[PDB]
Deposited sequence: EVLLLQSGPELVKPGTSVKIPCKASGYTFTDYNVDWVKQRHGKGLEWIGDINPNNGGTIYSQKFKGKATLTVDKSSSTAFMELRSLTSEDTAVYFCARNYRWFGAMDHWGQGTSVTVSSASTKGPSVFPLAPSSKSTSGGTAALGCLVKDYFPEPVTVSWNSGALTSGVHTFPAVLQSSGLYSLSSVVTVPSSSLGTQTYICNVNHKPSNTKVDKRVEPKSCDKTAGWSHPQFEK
């Protein structure tokens, strides 16, 4: 019903600015205030500001004066937040949330825009197979290595295989490139009846890699 739609993850360079949208629908846009909340990876929620779409009146947290700017477009029912003079401290997920100007809770949130502030160049990943050698349950996977920035999505057999799939959080290697593994556990008997393909999508570099994971028969 009520939907707050934010843009997807975005890589931005330090010393620049970025403008994050929050398109509202399913309710009277001018009847609610739009708040913005910052969340660093693994941390809590911190309040950025508040804007009244009826008149454009803004209230900012003191911690974000000069850093964040809140605007609204009533005709398009969209709220915006612009972050200036970007540094690595600004790397976080930014949520927009709906609330009543008068003591209202934040009852509906956007899905959050993950902003990465880095001067590193976009790099597509290499996909290597995690092949098992021939118990009763077998495990196989794909190593998605040396890419930047986050994220990559991994599906198995074009999304037809979902049970038993574990796609781990990416880890930042000392080289400054990310790396993650996606694994799936299947019946050992299915290694000879089913073809297992991991579908890796790296949207920041427009990279789609499909890698068949061929098991090794070993006496």
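Worksheet entry | Chain regions without C-alpha coordinates, deposited sequence numbering | No C-alpha for residues 135 to 138, 224 to 235.
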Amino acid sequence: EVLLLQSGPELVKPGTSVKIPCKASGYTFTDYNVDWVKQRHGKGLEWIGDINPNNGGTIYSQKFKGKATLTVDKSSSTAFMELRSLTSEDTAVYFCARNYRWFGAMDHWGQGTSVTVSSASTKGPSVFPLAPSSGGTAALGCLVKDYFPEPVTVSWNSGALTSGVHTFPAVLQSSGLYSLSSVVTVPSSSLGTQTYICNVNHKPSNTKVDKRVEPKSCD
From here on, numbers count along this sequence of modelled residues.
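Worksheet entry | Entry-level comparison of average CA B-factors, 11 to 19 and 202 to 210, reporting the higher stretch | Higher mean C-alpha B-factor: 202 to 210.
Item to complete: Tell me which of 186, 160, 183, 48 tops the list for C-alpha B factor in the record.
Response: Largest recorded C-alpha B-factor: 160.
Worksheet entry | Relative C-alpha B-factor of residue 38, binned into the chain's lowest, middle or highest third | CA B-factor rank for residue 38: lowest third.
Worksheet item: Against its chain's modelled residues, does residue 103's Cα B factor rank lowest, middle or highest third?
Response: For residue 103, whose C-alpha B-factor we compare with every modelled residue in the chain, the answer is the highest third.
Discussion item. Looking at the temperature factor on the CA atom of residue 73, which third of the chain's modelled residues does it land in?
Written reply: Highest third.
Worksheet item: residue 66: which third of its chain by C-alpha temperature factor?
Response: Answer is highest: the recorded C-alpha B-factor places it there.
Discussion item. Please place residue 168 in the lowest, middle or highest third of its chain according to the CA B-factor in the PDB entry.
Written reply: CA B-factor rank for residue 168: lowest third.
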